[PDB]
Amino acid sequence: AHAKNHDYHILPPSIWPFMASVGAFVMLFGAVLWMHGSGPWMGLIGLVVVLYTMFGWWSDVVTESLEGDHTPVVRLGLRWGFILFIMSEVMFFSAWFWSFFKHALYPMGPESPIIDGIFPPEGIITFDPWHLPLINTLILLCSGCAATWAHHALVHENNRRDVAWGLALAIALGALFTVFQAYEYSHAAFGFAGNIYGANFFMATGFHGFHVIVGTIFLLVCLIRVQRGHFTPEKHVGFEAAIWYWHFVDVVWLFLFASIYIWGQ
């Protein structure tokens, strides 16, 4: 912009968007074939492309902040947007939590809905909340505390060794949750097909796990950034989203934990 008076970021053209929309189309259409007896190849191609897109796109995001496009308002603009994203995320989970709560309260039975059945479902074996569940909840709370500690250092003391230290700790504890999570599946007392409790129990923690992984990945990115010195106490947006997001995951797990392990036994 030849002669502007404003700090908002205006962007050169960009192919990324179109690319990613084809990747997804192919992704999903391959994903429909693959759940219909046919071959994976189409599905992975779709995702491979999308993943190429996303990386670029985000690489460029950083690159653009490095060219000093991320002025004061810009910085705030992204902050905001990301916050609607977690708002959205929160709504999605409201679907899964809504089924759980309805079935848990008004389970189906032969006289439904004059009369309700029984929950947990007959012959269902809910897990022990204090054995592994608590383990995974200590594991995230802890990681939470280790990722925020990174944040504050950087912003408050400008200590960068400490910053990367908080991050590794936090990142490897995120993966641990995954590992423990999977254990839980391995040892599950009920199945996934044919029984509401399996679908709810599985899809719900299924979605949460998705996110942890996303979370743990994200963080990974920051560590890397932090290793090549990409963050200052004033400018540190990836970091801000990261910590905000990790926190949302943790919140969601904590409510799950209270809703499905602790309250539904």
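When you see a residue number, it is the position in the sequence shown, counting from 1.
Per the PDB record, of the two stretches 66-74 and 40-48, 40-48 carries the greater mean B-factor over its C-alpha atoms. Taking the PDB entry as given, 138-146 carries the higher mean Cα B factor of the two stretches 138-146 and 83-91. Note on the listed residues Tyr185, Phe100, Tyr106, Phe192: the highest Cα temperature factor in the record is that of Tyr185.
Among the modelled residues of the chain, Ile224 sits in the highest third by CA temperature factor in this PDB entry.
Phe231: CA B factor lies in the highest third for its chain, per the PDB record. Per-chain ranking of the deposited C-alpha B factor places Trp130 in the highest third.
Among all modelled residues in this chain, the alpha-carbon of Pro110 has a temperature factor (C-alpha) in the lowest third. Residue-level temperature factors show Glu122 in the middle third of its chain, judged at the C-alpha atom.
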